[PDB]
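Below is model_12.txt, holding compact mmCIF, C-alpha atoms and all ligand atoms.
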```txt
# COMPACT_ATOMS: atom_id res chain seq x y z
CA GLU F 1 105.76 122.52 120.39
CA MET F 2 107.37 122.41 116.96
CA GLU F 3 108.42 126.00 117.27
CA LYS F 4 109.49 125.35 120.87
CA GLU F 5 111.85 122.66 119.60
CA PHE F 6 112.96 125.02 116.80
CA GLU F 7 113.56 127.78 119.34
CA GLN F 8 115.71 125.56 121.57
CA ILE F 9 117.73 124.19 118.65
CA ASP F 10 118.50 127.79 117.62
CA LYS F 11 119.39 128.77 121.20
CA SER F 12 121.70 125.76 121.56
CA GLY F 13 123.12 126.31 118.08
CA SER F 14 122.75 122.59 117.40
CA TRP F 15 121.47 122.36 113.82
CA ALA F 16 124.67 120.77 112.51
CA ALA F 17 124.74 118.19 115.35
CA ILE F 18 121.06 117.32 114.81
CA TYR F 19 121.50 117.01 111.05
CA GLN F 20 124.61 114.87 111.42
CA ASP F 21 122.74 112.58 113.85
CA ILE F 22 120.08 112.06 111.14
CA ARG F 23 122.82 111.20 108.62
CA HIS F 24 124.26 108.69 111.07
CA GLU F 25 120.90 107.09 111.88
CA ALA F 26 119.68 106.97 108.28
CA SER F 27 118.93 103.62 106.61
CA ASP F 28 121.58 101.89 104.50
CA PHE F 29 120.13 99.54 101.87
CA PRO F 30 121.78 98.00 98.82
CA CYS F 31 121.90 99.75 95.46
CA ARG F 32 123.19 96.77 93.44
CA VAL F 33 121.29 97.50 90.22
CA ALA F 34 122.37 101.17 90.20
CA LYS F 35 125.98 100.05 90.55
CA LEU F 36 126.07 97.51 87.69
CA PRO F 37 128.65 98.49 85.03
CA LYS F 38 125.97 98.70 82.35
CA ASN F 39 124.15 101.42 84.37
CA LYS F 40 127.13 103.73 84.94
CA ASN F 41 126.05 106.16 82.21
CA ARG F 42 122.49 106.24 83.63
CA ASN F 43 123.67 107.87 86.89
CA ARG F 44 124.53 111.57 87.08
CA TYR F 45 126.48 111.22 90.34
CA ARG F 46 128.41 108.14 91.51
CA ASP F 47 127.41 108.62 95.14
CA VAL F 48 123.65 109.16 94.65
CA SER F 49 121.85 105.96 93.84
CA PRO F 50 118.35 104.56 94.33
CA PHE F 51 118.03 101.64 96.79
CA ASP F 52 117.03 98.41 95.01
CA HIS F 53 113.92 97.96 97.15
CA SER F 54 112.33 101.29 96.27
CA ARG F 55 113.67 101.98 92.78
CA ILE F 56 111.29 102.70 89.93
CA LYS F 57 111.48 100.03 87.24
CA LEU F 58 110.93 100.99 83.60
CA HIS F 59 108.56 98.61 81.80
CA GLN F 60 111.06 97.77 79.04
CA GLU F 61 112.76 94.34 78.85
CA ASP F 62 116.17 95.59 77.73
CA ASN F 63 117.21 97.58 80.79
CA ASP F 64 114.66 98.65 83.39
CA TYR F 65 117.00 100.94 85.31
CA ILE F 66 116.46 104.63 86.02
CA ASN F 67 117.92 106.64 88.93
CA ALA F 68 114.53 107.20 90.58
CA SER F 69 112.98 106.10 93.89
CA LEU F 70 109.39 105.65 95.10
CA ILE F 71 108.93 107.43 98.43
CA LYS F 72 105.72 105.95 99.86
CA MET F 73 104.56 107.78 102.97
CA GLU F 74 102.05 105.40 104.50
CA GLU F 75 100.68 107.55 107.30
CA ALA F 76 100.52 110.77 105.24
CA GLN F 77 98.93 108.80 102.38
CA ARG F 78 101.04 110.31 99.61
CA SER F 79 103.72 108.90 97.31
CA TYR F 80 106.39 110.82 95.42
CA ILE F 81 108.93 109.71 92.88
CA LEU F 82 112.28 111.44 93.47
CA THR F 83 114.76 111.26 90.61
CA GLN F 84 117.98 112.96 89.47
CA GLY F 85 117.93 115.61 86.75
CA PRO F 86 117.84 113.50 83.56
CA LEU F 87 121.01 113.01 81.52
CA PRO F 88 121.18 113.50 77.73
CA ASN F 89 120.76 109.72 77.31
CA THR F 90 118.04 109.24 79.94
CA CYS F 91 115.42 111.81 78.89
CA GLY F 92 113.52 109.13 77.00
CA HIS F 93 113.65 106.96 80.16
CA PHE F 94 112.42 109.87 82.28
CA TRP F 95 109.28 110.36 80.17
CA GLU F 96 108.74 106.59 79.87
CA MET F 97 108.68 106.56 83.69
CA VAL F 98 106.24 109.48 83.79
CA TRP F 99 104.02 107.63 81.33
CA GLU F 100 104.21 104.20 82.97
CA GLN F 101 103.69 105.55 86.51
CA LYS F 102 100.79 107.75 85.29
CA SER F 103 102.15 110.91 86.90
CA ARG F 104 100.27 114.15 86.22
CA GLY F 105 102.83 116.61 87.50
CA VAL F 106 106.60 117.09 87.43
CA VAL F 107 108.25 119.37 90.03
CA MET F 108 111.66 120.71 88.97
CA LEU F 109 113.64 122.59 91.71
CA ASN F 110 116.91 123.37 89.87
CA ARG F 111 117.96 125.11 86.67
CA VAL F 112 119.63 123.38 83.71
CA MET F 113 122.80 125.40 84.27
CA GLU F 114 123.72 126.62 87.76
CA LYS F 115 126.79 128.77 88.42
CA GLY F 116 128.48 127.79 85.14
CA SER F 117 127.73 124.03 85.44
CA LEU F 118 125.15 121.77 83.78
CA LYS F 119 122.95 120.15 86.43
CA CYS F 120 120.27 118.62 84.19
CA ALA F 121 119.50 118.01 80.54
CA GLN F 122 116.92 120.11 78.67
CA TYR F 123 114.31 117.34 78.84
CA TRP F 124 111.22 119.34 77.79
CA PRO F 125 110.70 121.71 74.81
CA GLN F 126 111.29 125.43 75.38
CA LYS F 127 109.38 126.35 72.19
CA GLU F 128 105.89 125.33 71.08
CA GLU F 129 106.95 124.88 67.44
CA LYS F 130 109.91 122.62 68.31
CA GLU F 131 108.44 119.53 69.92
CA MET F 132 110.64 116.66 71.14
CA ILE F 133 110.66 113.03 70.10
CA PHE F 134 112.35 110.40 72.24
CA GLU F 135 112.87 107.60 69.69
CA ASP F 136 114.10 104.93 72.08
CA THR F 137 110.83 105.14 74.05
CA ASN F 138 108.34 106.16 71.34
CA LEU F 139 107.08 109.27 73.08
CA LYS F 140 106.39 112.77 71.75
CA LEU F 141 106.39 115.86 73.98
CA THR F 142 105.04 119.33 73.10
CA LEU F 143 105.05 122.63 74.99
CA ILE F 144 101.41 123.84 74.92
CA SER F 145 101.77 126.94 77.12
CA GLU F 146 103.64 128.44 80.03
CA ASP F 147 102.98 130.91 82.83
CA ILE F 148 106.23 132.59 83.83
CA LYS F 149 106.42 134.18 87.27
CA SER F 150 109.35 135.95 88.91
CA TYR F 151 110.77 132.90 90.67
CA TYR F 152 108.86 129.97 89.20
CA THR F 153 107.18 128.91 85.96
CA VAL F 154 104.25 126.54 85.39
CA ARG F 155 104.06 124.80 82.00
CA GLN F 156 101.45 122.77 80.22
CA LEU F 157 103.03 119.90 78.34
CA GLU F 158 101.37 117.33 76.10
CA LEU F 159 102.94 113.88 76.29
CA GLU F 160 101.89 111.40 73.60
CA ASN F 161 102.43 107.64 73.40
CA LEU F 162 103.11 107.39 69.67
CA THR F 163 102.24 103.71 69.61
CA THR F 164 98.64 104.13 70.85
CA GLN F 165 98.27 107.86 70.06
CA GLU F 166 96.87 108.45 73.54
CA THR F 167 97.92 111.89 74.81
CA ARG F 168 98.12 113.23 78.36
CA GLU F 169 98.50 116.71 79.80
CA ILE F 170 101.50 116.95 82.12
CA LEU F 171 101.98 119.99 84.37
CA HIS F 172 105.52 121.21 84.94
CA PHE F 173 106.20 123.24 88.13
CA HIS F 174 109.66 124.79 87.76
CA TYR F 175 111.17 126.59 90.77
CA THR F 176 113.91 128.69 89.17
CA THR F 177 115.55 130.46 92.12
CA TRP F 178 116.43 127.73 94.63
CA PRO F 179 120.25 127.64 94.82
CA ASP F 180 122.05 124.29 94.90
CA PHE F 181 122.82 123.20 98.51
CA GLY F 182 120.78 126.24 99.53
CA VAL F 183 117.27 127.24 100.52
CA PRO F 184 114.32 129.17 99.09
CA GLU F 185 114.18 132.96 99.63
CA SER F 186 111.58 132.54 102.34
CA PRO F 187 109.02 130.11 103.75
CA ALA F 188 106.41 132.24 102.00
CA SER F 189 107.95 131.84 98.55
CA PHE F 190 108.36 128.09 99.11
CA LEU F 191 104.84 127.57 100.44
CA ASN F 192 103.26 129.72 97.71
CA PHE F 193 104.83 127.33 95.17
CA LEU F 194 103.93 124.16 97.06
CA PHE F 195 100.30 125.18 97.32
CA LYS F 196 100.23 125.98 93.61
CA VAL F 197 101.28 122.36 93.00
CA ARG F 198 98.66 121.10 95.49
CA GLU F 199 95.89 123.24 94.00
CA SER F 200 96.60 121.97 90.46
CA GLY F 201 95.35 118.53 91.48
CA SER F 202 98.69 116.98 90.47
CA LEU F 203 99.20 115.48 93.93
CA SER F 204 95.82 113.78 94.00
CA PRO F 205 95.84 110.02 94.68
CA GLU F 206 93.70 109.54 91.55
CA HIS F 207 96.95 110.16 89.62
CA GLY F 208 100.26 108.35 89.77
CA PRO F 209 102.99 109.82 92.06
CA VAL F 210 104.24 113.33 91.29
CA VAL F 211 107.82 113.25 89.97
CA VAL F 212 110.10 115.60 91.91
CA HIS F 213 113.68 116.32 90.92
CA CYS F 214 116.56 118.77 91.38
CA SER F 215 120.10 117.87 90.19
CA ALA F 216 120.78 114.75 92.34
CA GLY F 217 117.16 114.35 93.44
CA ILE F 218 117.94 114.47 97.15
CA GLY F 219 118.71 117.90 98.56
CA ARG F 220 116.17 120.35 97.23
CA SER F 221 113.85 117.48 96.32
CA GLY F 222 114.06 116.13 99.88
CA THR F 223 113.25 119.56 101.36
CA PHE F 224 110.16 119.91 99.18
CA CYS F 225 108.79 116.44 100.00
CA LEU F 226 109.58 116.67 103.75
CA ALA F 227 107.62 119.94 104.17
CA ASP F 228 104.69 118.67 102.10
CA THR F 229 104.51 115.40 104.04
CA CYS F 230 104.76 117.08 107.45
CA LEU F 231 101.91 119.49 106.56
CA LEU F 232 99.81 116.52 105.42
CA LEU F 233 100.44 114.82 108.75
CA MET F 234 99.55 117.93 110.74
CA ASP F 235 96.26 118.17 108.88
CA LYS F 236 95.62 114.47 109.48
CA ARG F 237 96.46 113.98 113.17
CA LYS F 238 94.36 114.94 116.19
CA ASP F 239 97.40 116.79 117.54
CA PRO F 240 99.57 118.60 114.92
CA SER F 241 102.18 119.24 117.61
CA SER F 242 102.90 115.51 117.52
CA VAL F 243 104.68 115.79 114.14
CA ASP F 244 108.35 114.97 114.62
CA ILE F 245 110.11 116.32 111.52
CA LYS F 246 113.27 114.41 112.31
CA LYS F 247 111.29 111.17 112.51
CA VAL F 248 109.48 111.95 109.24
CA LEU F 249 112.81 112.62 107.47
CA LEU F 250 114.31 109.33 108.77
CA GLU F 251 111.22 107.58 107.43
CA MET F 252 111.67 109.24 104.01
CA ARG F 253 115.33 108.21 104.01
CA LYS F 254 114.28 104.54 104.11
CA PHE F 255 113.22 105.05 100.45
CA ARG F 256 116.07 107.20 99.06
CA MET F 257 119.43 108.20 100.50
CA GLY F 258 120.56 111.70 101.42
CA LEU F 259 117.25 113.56 101.50
CA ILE F 260 118.04 117.05 102.85
CA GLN F 261 121.68 117.85 102.06
CA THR F 262 122.61 120.58 104.56
CA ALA F 263 121.74 121.50 108.15
CA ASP F 264 120.23 124.71 106.87
CA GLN F 265 117.82 122.88 104.56
CA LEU F 266 116.70 120.98 107.67
CA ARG F 267 116.24 124.26 109.54
CA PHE F 268 114.36 125.72 106.55
CA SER F 269 112.06 122.67 106.55
CA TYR F 270 111.08 123.46 110.15
CA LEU F 271 110.32 127.08 109.21
CA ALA F 272 108.25 126.03 106.22
CA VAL F 273 106.18 123.62 108.28
CA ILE F 274 105.79 126.07 111.18
CA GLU F 275 104.67 128.75 108.71
CA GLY F 276 102.44 126.40 106.72
CA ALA F 277 100.74 125.17 109.90
CA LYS F 278 98.88 128.51 110.14
CA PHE F 279 96.95 127.58 107.03
CA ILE F 280 96.38 124.03 108.25
CA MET F 281 95.05 125.43 111.52
CA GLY F 282 92.60 127.76 109.77
CA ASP F 283 94.26 131.11 109.04
CA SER F 284 92.74 132.35 105.76
CA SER F 285 95.01 135.38 105.29
CA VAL F 286 98.42 133.67 105.24
CA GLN F 287 98.11 132.35 101.69
CA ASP F 288 97.55 135.77 100.12
CA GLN F 289 100.26 136.99 102.48
CA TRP F 290 102.58 134.29 101.09
CA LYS F 291 101.84 135.34 97.50
CA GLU F 292 102.41 139.01 98.37
CA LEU F 293 105.64 138.22 100.17
CA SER F 294 106.80 136.03 97.31
CA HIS F 295 106.56 138.95 94.85
CA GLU F 296 105.56 136.47 92.14
CA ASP F 297 104.24 139.17 89.77
CA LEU F 298 107.60 140.92 89.56
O1 LIG W 1 120.64 121.08 97.52
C1 LIG W 1 120.91 120.18 96.74
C2 LIG W 1 122.21 119.47 96.68
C3 LIG W 1 122.37 118.93 95.30
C4 LIG W 1 123.35 117.77 95.10
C5 LIG W 1 123.52 116.76 96.15
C6 LIG W 1 124.46 115.67 95.95
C7 LIG W 1 125.24 115.59 94.71
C8 LIG W 1 126.22 114.46 94.51
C9 LIG W 1 127.65 114.94 94.25
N1 LIG W 1 128.45 113.76 93.88
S1 LIG W 1 130.03 114.08 93.22
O2 LIG W 1 130.42 113.01 91.96
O3 LIG W 1 130.20 115.75 92.90
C10 LIG W 1 131.08 113.90 94.65
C11 LIG W 1 131.67 115.07 95.32
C12 LIG W 1 132.51 114.90 96.51
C13 LIG W 1 132.75 113.55 97.04
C14 LIG W 1 132.16 112.38 96.37
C15 LIG W 1 132.40 111.03 96.87
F1 LIG W 1 131.81 110.97 98.21
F2 LIG W 1 133.85 110.74 96.91
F3 LIG W 1 131.90 109.87 96.07
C16 LIG W 1 131.33 112.56 95.18
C17 LIG W 1 128.20 115.58 95.52
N2 LIG W 1 128.51 116.93 95.83
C18 LIG W 1 128.87 116.85 97.19
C19 LIG W 1 129.28 118.09 97.97
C20 LIG W 1 129.00 118.00 99.46
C21 LIG W 1 130.11 118.04 100.42
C22 LIG W 1 129.84 117.98 101.86
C23 LIG W 1 128.45 117.86 102.35
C24 LIG W 1 127.34 117.81 101.39
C25 LIG W 1 127.61 117.88 99.95
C26 LIG W 1 128.80 115.51 97.73
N3 LIG W 1 128.37 114.73 96.63
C27 LIG W 1 125.07 116.60 93.67
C28 LIG W 1 124.13 117.68 93.86
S2 LIG W 1 120.70 118.46 94.88
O4 LIG W 1 120.54 118.58 93.25
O5 LIG W 1 120.39 116.96 95.42
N4 LIG W 1 120.01 119.78 95.84
MG MG W 2 107.90 131.38 70.45
```
Is it possible to give me this structure as structure tokens?
Ligand SMILES: O=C1C[C@@H](c2ccc(C[C@H](NS(=O)(=O)c3cccc(C(F)(F)F)c3)c3nc(Cc4ccccc4)c[nH]3)cc2)S(=O)(=O)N1
Ligand SMILES: [Mg+2]
Amino acid sequence: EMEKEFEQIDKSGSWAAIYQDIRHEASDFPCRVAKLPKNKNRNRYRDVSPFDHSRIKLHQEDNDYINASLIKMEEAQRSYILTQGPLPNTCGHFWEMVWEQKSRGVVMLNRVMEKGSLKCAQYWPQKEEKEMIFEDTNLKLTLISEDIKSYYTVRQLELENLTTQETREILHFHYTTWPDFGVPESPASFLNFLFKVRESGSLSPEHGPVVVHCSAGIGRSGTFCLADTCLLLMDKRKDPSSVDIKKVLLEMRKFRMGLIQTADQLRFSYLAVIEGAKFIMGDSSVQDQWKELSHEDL
């Protein structure tokens, strides 16, 4: 039924109309804290703000603001923190959030520079011997190792609370070829990556919410979370054909504005879920097929 709906949307050529209807029906909640004058330099984009009700609060008394939102999907039983690409002055805040929320994984879907423009600060160390210290938050971050694939890289980071000396291993899943306002090369390349994150254990409820970000934390980040959530629901319900992706996206938009930024990212989300359903329904060949198709060992 999901592919029947997909098939009729394609035949009618109504992706833009469907997507615009979602934009029109999406929740509108205040973002008063994000808009306070003192928080202007903590926001990368003036039109992308976290709603007050779902924003992540830093545990510091000075200013607890960070442009990050808790997306809590009740039925799917999974939470995600979606945030913008950190700014030069909010990298300490970013890691303080990771620490305080007890996240185990960070999913990055953009590159630091895209088409001649900075989209995110270099918030993690590129070299083992050049660790980073965020003085304002008292955290130390070290690159332990990295596994570089053709379109994505997985890194092992060690985050240390300098005050208590406790250290934690943080896994960084960096998708390096997802164009801004665009889509992955194929459902296979997207799913291969998603399942790598799932298999790492990072999404387990024993850990805090995975932190997902792109440049604004809504387009690419929204696509990633929508597909994951829909696949979770299909695996959970007695009838996987009951999953209404448009309803799931409207639910996600109650927690952060603008998730899914183009009609084609919405269409791609359908393809990813339709393709991923094969695995949910049993198929044990699709995963290797996805890896092969993704050409990750290029
Ligand atoms: O696939 C994506 C889209 C990126 C993205 C999404 C939103 C923004 C916020 C920008 N604010 S602004 O300070 O660059 C900006 C730009 C224009 C107007 C504007 C106001 F509405 F006037 F505030 C703000 C931004 N770019 C547009 C382009 C766009 C146009 C039509 C439909 C969809 C997107 C709209 N807002 C930046 C990156 S992502 O990193 O979330 N992944
Ligand atoms: Mg070296």
Residues within 6 Å of ligand LIG 1 (chain W) (only C-alpha atoms and all ligand atoms), as a PyMOL selection string? chain F and resi 45-48+180-182+214-220+261
Output the neighbourhood of ligand MG 2 (chain W) as a ChimeraX atom specification, that is, all protein and nucleic acid residues with some atom at most 8 Å from the ligand, counting all atoms listed in the file. /F:127-129
Restrict the selected residues to C-alpha atoms and save them as a short mmCIF file (atom, residue, chain, number, x, y, z; two decimals), in the frame of the given file.
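Below is the file again.cif, written as the result:
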```
data_model
loop_
_atom_site.label_atom_id
_atom_site.label_comp_id
_atom_site.auth_asym_id
_atom_site.auth_seq_id
_atom_site.Cartn_x
_atom_site.Cartn_y
_atom_site.Cartn_z
CA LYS F 127 109.38 126.35 72.19
CA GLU F 128 105.89 125.33 71.08
CA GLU F 129 106.95 124.88 67.44
#
```
Taking 6 positions as the minimum chain separation for residues in the same chain, which residues sit within 8 Å of stretch 95-102 of chain F when counting only C-alpha atoms? Answer as an NGL selection string. :F and (56-59 or 137 or 139 or 207-209 or 211)
Shell of 7 Å around stretch 22-31 of chain F, all atoms listed in the file, local chain residues under 2 positions omitted, as a list in words: residues 18, 19, 20, 33, 34, 35, 49, 50, 51, 52, 250, 253 and 254 of chain F
Point-to-point distance in Å for atom CA of residue F:179 and atom CA of residue F:150: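 Atom-to-atom, atom CA of residue F:150 to atom CA of residue F:179, that is 14.9 Å.
Taking atom CA of residue F:123 and atom CA of residue F:78 as endpoints, the distance between them is 25.6 Å.
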For residue F:119, which of F:86, F:8, F:132, F:62 is the closest residue, counting all atoms listed in the file?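 Answer, going by the shortest atom-to-atom distance: F:86.
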Identify, on the basis of all atoms listed in the file, every residue whose closest approach to residue F:109 does not exceed 9 Å; exclude the query and any residue fewer than 3 positions from it along the same chain; express the result as a count of residues only. 14
In terms of only C-alpha atoms, the residue from F:79, F:14, F:63, F:71 at minimal distance from residue F:259 is F:71
Distance cut-off 12 Å, centre (128.5, 108.8, 82.1) in file coordinates, counting all atoms listed in the file: which residues qualify? Return them as an mmCIF file with C-alpha atoms, in the coordinates of the input.
```
data_model
loop_
_atom_site.group_PDB
_atom_site.id
_atom_site.type_symbol
_atom_site.label_atom_id
_atom_site.label_comp_id
_atom_site.auth_asym_id
_atom_site.auth_seq_id
_atom_site.Cartn_x
_atom_site.Cartn_y
_atom_site.Cartn_z
ATOM 1 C CA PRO F 37 128.650 98.490 85.030
ATOM 2 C CA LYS F 38 125.970 98.700 82.350
ATOM 3 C CA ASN F 39 124.150 101.420 84.370
ATOM 4 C CA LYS F 40 127.130 103.730 84.940
ATOM 5 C CA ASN F 41 126.050 106.160 82.210
ATOM 6 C CA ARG F 42 122.490 106.240 83.630
ATOM 7 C CA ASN F 43 123.670 107.870 86.890
ATOM 8 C CA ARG F 44 124.530 111.570 87.080
ATOM 9 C CA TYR F 45 126.480 111.220 90.340
ATOM 10 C CA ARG F 46 128.410 108.140 91.510
ATOM 11 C CA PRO F 86 117.840 113.500 83.560
ATOM 12 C CA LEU F 87 121.010 113.010 81.520
ATOM 13 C CA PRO F 88 121.180 113.500 77.730
ATOM 14 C CA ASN F 89 120.760 109.720 77.310
ATOM 15 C CA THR F 90 118.040 109.240 79.940
#
```
Enumerate, as a PyMOL selection string, the protein, DNA and RNA residues whose atoms approach (110.8, 107.2, 101.3) to within 7 Å, taking into account only C-alpha atoms and the coordinate frame of the file. chain F and resi 70-73+251-256
Residue among F:199, F:131, F:158, F:275 lying closest to residue F:289, counting only C-alpha atoms: F:275
Between F:203, F:288, F:258, F:296, which has the minimum distance to residue F:77 (counting all atoms listed in the file)?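 Counting all atoms listed in the file, the residue closest to residue F:77 is F:203.
One finds atom CA of residue F:126 at 24.8 Å from atom CA of residue F:294.
Distance check against residue F:170 using only C-alpha atoms: of F:185, F:74, F:146, F:292, the minimum falls on F:146.
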Rebuild N, CA and C atoms on stretch 44-68 of chain F, as a PDB file, in the coordinates of the input?
```pdb
ATOM      1  N   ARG F  44     123.872 110.266  87.182  1.00  0.00           N
ATOM      2  CA  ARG F  44     124.530 111.570  87.080  1.00  0.00           C
ATOM      3  C   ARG F  44     125.665 111.688  88.077  1.00  0.00           C
ATOM      4  N   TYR F  45     125.458 111.162  89.287  1.00  0.00           N
ATOM      5  CA  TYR F  45     126.480 111.220  90.340  1.00  0.00           C
ATOM      6  C   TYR F  45     126.764 109.819  90.893  1.00  0.00           C
ATOM      7  N   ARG F  46     128.046 109.468  91.021  1.00  0.00           N
ATOM      8  CA  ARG F  46     128.410 108.140  91.510  1.00  0.00           C
ATOM      9  C   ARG F  46     128.024 107.810  92.943  1.00  0.00           C
ATOM     10  N   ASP F  47     127.762 108.835  93.740  1.00  0.00           N
ATOM     11  CA  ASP F  47     127.410 108.620  95.140  1.00  0.00           C
ATOM     12  C   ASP F  47     125.916 108.864  95.455  1.00  0.00           C
ATOM     13  N   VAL F  48     125.090 108.979  94.425  1.00  0.00           N
ATOM     14  CA  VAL F  48     123.650 109.160  94.650  1.00  0.00           C
ATOM     15  C   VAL F  48     122.966 108.120  93.813  1.00  0.00           C
ATOM     16  N   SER F  49     122.498 107.083  94.493  1.00  0.00           N
ATOM     17  CA  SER F  49     121.850 105.960  93.840  1.00  0.00           C
ATOM     18  C   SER F  49     120.537 105.561  94.503  1.00  0.00           C
ATOM     19  N   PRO F  50     119.613 104.993  93.723  1.00  0.00           N
ATOM     20  CA  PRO F  50     118.350 104.560  94.330  1.00  0.00           C
ATOM     21  C   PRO F  50     118.557 103.182  94.988  1.00  0.00           C
ATOM     22  N   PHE F  51     117.959 102.957  96.157  1.00  0.00           N
ATOM     23  CA  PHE F  51     118.030 101.640  96.790  1.00  0.00           C
ATOM     24  C   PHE F  51     117.245 100.675  95.874  1.00  0.00           C
ATOM     25  N   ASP F  52     117.683  99.423  95.824  1.00  0.00           N
ATOM     26  CA  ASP F  52     117.030  98.410  95.010  1.00  0.00           C
ATOM     27  C   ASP F  52     115.575  98.209  95.392  1.00  0.00           C
ATOM     28  N   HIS F  53     115.293  98.223  96.689  1.00  0.00           N
ATOM     29  CA  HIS F  53     113.920  97.960  97.150  1.00  0.00           C
ATOM     30  C   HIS F  53     112.878  98.995  96.771  1.00  0.00           C
ATOM     31  N   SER F  54     113.291 100.242  96.604  1.00  0.00           N
ATOM     32  CA  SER F  54     112.330 101.290  96.270  1.00  0.00           C
ATOM     33  C   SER F  54     112.550 101.926  94.895  1.00  0.00           C
ATOM     34  N   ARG F  55     113.454 101.376  94.095  1.00  0.00           N
ATOM     35  CA  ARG F  55     113.670 101.980  92.780  1.00  0.00           C
ATOM     36  C   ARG F  55     112.485 101.788  91.846  1.00  0.00           C
ATOM     37  N   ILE F  56     112.329 102.741  90.934  1.00  0.00           N
ATOM     38  CA  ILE F  56     111.290 102.700  89.930  1.00  0.00           C
ATOM     39  C   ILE F  56     111.835 101.868  88.776  1.00  0.00           C
ATOM     40  N   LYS F  57     111.061 100.882  88.339  1.00  0.00           N
ATOM     41  CA  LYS F  57     111.480 100.030  87.240  1.00  0.00           C
ATOM     42  C   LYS F  57     110.764 100.450  85.965  1.00  0.00           C
ATOM     43  N   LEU F  58     111.527 100.640  84.890  1.00  0.00           N
ATOM     44  CA  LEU F  58     110.930 100.990  83.600  1.00  0.00           C
ATOM     45  C   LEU F  58     110.299  99.698  83.073  1.00  0.00           C
ATOM     46  N   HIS F  59     109.220  99.813  82.316  1.00  0.00           N
ATOM     47  CA  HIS F  59     108.560  98.610  81.800  1.00  0.00           C
ATOM     48  C   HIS F  59     109.216  97.910  80.620  1.00  0.00           C
ATOM     49  N   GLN F  60     110.366  98.399  80.165  1.00  0.00           N
ATOM     50  CA  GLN F  60     111.060  97.770  79.040  1.00  0.00           C
ATOM     51  C   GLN F  60     111.908  96.561  79.473  1.00  0.00           C
ATOM     52  N   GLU F  61     112.006  95.569  78.589  1.00  0.00           N
ATOM     53  CA  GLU F  61     112.760  94.340  78.850  1.00  0.00           C
ATOM     54  C   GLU F  61     114.275  94.492  78.735  1.00  0.00           C
ATOM     55  N   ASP F  62     114.732  95.416  77.898  1.00  0.00           N
ATOM     56  CA  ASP F  62     116.170  95.590  77.730  1.00  0.00           C
ATOM     57  C   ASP F  62     116.851  95.941  79.042  1.00  0.00           C
ATOM     58  N   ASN F  63     116.592  97.140  79.549  1.00  0.00           N
ATOM     59  CA  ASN F  63     117.210  97.580  80.790  1.00  0.00           C
ATOM     60  C   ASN F  63     116.159  98.395  81.519  1.00  0.00           C
ATOM     61  N   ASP F  64     115.708  97.926  82.683  1.00  0.00           N
ATOM     62  CA  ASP F  64     114.660  98.650  83.390  1.00  0.00           C
ATOM     63  C   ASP F  64     115.143  99.690  84.392  1.00  0.00           C
ATOM     64  N   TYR F  65     116.425 100.021  84.348  1.00  0.00           N
ATOM     65  CA  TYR F  65     117.000 100.940  85.310  1.00  0.00           C
ATOM     66  C   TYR F  65     116.885 102.446  85.024  1.00  0.00           C
ATOM     67  N   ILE F  66     116.497 103.180  86.060  1.00  0.00           N
ATOM     68  CA  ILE F  66     116.460 104.630  86.020  1.00  0.00           C
ATOM     69  C   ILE F  66     116.821 105.067  87.449  1.00  0.00           C
ATOM     70  N   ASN F  67     117.573 106.165  87.587  1.00  0.00           N
ATOM     71  CA  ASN F  67     117.920 106.640  88.930  1.00  0.00           C
ATOM     72  C   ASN F  67     116.721 107.398  89.481  1.00  0.00           C
ATOM     73  N   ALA F  68     115.760 106.643  90.020  1.00  0.00           N
ATOM     74  CA  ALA F  68     114.530 107.200  90.580  1.00  0.00           C
ATOM     75  C   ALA F  68     114.065 106.255  91.680  1.00  0.00           C
TER      76      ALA F  68
END
```
